[PDB]
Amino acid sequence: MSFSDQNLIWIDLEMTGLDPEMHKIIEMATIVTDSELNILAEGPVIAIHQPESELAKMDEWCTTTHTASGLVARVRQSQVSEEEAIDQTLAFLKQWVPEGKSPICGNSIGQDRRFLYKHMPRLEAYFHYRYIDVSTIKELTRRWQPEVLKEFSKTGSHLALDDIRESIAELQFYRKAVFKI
């Protein structure tokens, strides 16, 4: 419909920890915006099944966070593997953005990209090599005019779709508050 090579692919992952070689993806969500950050479509929100032995690698922060959000129960119930999650996400993205054109967009998105390289390389390959990291702008704002940051707050629920929605809202806030373009 509004298929364009200027559209942006936003992605957030939840994981069993911080180390791609050790840990696993347990949730993925994607959103497509246009170049002006208008949300065009939300993609599959997928709790990815992992066996107990992988969930058992989670530290206290991960265990309490992902249990209290209901994600662990959804992971245990899920019948969707990483490959099926890739397939579903690619089938969605191909309707909105061409392959290789959108940077990866989100908060500290380098960490997510590391997990994509290791666990979902077919999905990583869909992104342009660049990064649109909203936390880059957060950090520069904290240093150049930190009082701006008191005007925006995040819930930070670690539900992947809600957090990527917050990432977009954060960048929308920055465009009005710290940008002049």
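Note that residue numbering follows the sequence shown and begins at 1.
K.L.:
Would you tell me which stretch averages the higher CA B-factor in the PDB entry, 138-146 or 55-63?
P.N.:
Comparing 138-146 with 55-63, the higher average CA B-factor belongs to 138-146.
K.L.:
If you average the CA temperature factors as listed in the entry, which stretch comes out higher, 19-27 or 155-163?
P.N.:
Averaging CA B-factors over each stretch, the winner is 155-163.
K.L.:
Lowest, middle or highest third: where is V72 by C-alpha B factor in its chain?
P.N.:
It belongs to the lowest third of the chain when residues are ordered by C-alpha B-factor.
K.L.:
Which third of the chain does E42 land in by C-alpha B-factor: lowest, middle or highest?
P.N.:
Middle third, going by the recorded CA B-factors of the chain.
K.L.:
Which third, lowest, middle or highest, does the CA B-factor of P103 fall in along this chain?
P.N.:
Ranked within chain, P103 CA B lands in the middle tercile.
K.L.:
Once the chain's modelled residues are ordered by C-alpha B factor and cut into thirds, is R130 in the lowest, middle or highest one?
P.N.:
According to the entry, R130 has a C-alpha B-factor in the chain's highest third.
K.L.:
Based on the deposited C-alpha B factors for this chain, I'd like to know if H119 is in the lowest, middle or highest third.
P.N.:
Its C-alpha B-factor, which the entry lists for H119, ranks in the lowest third among residues of this chain.
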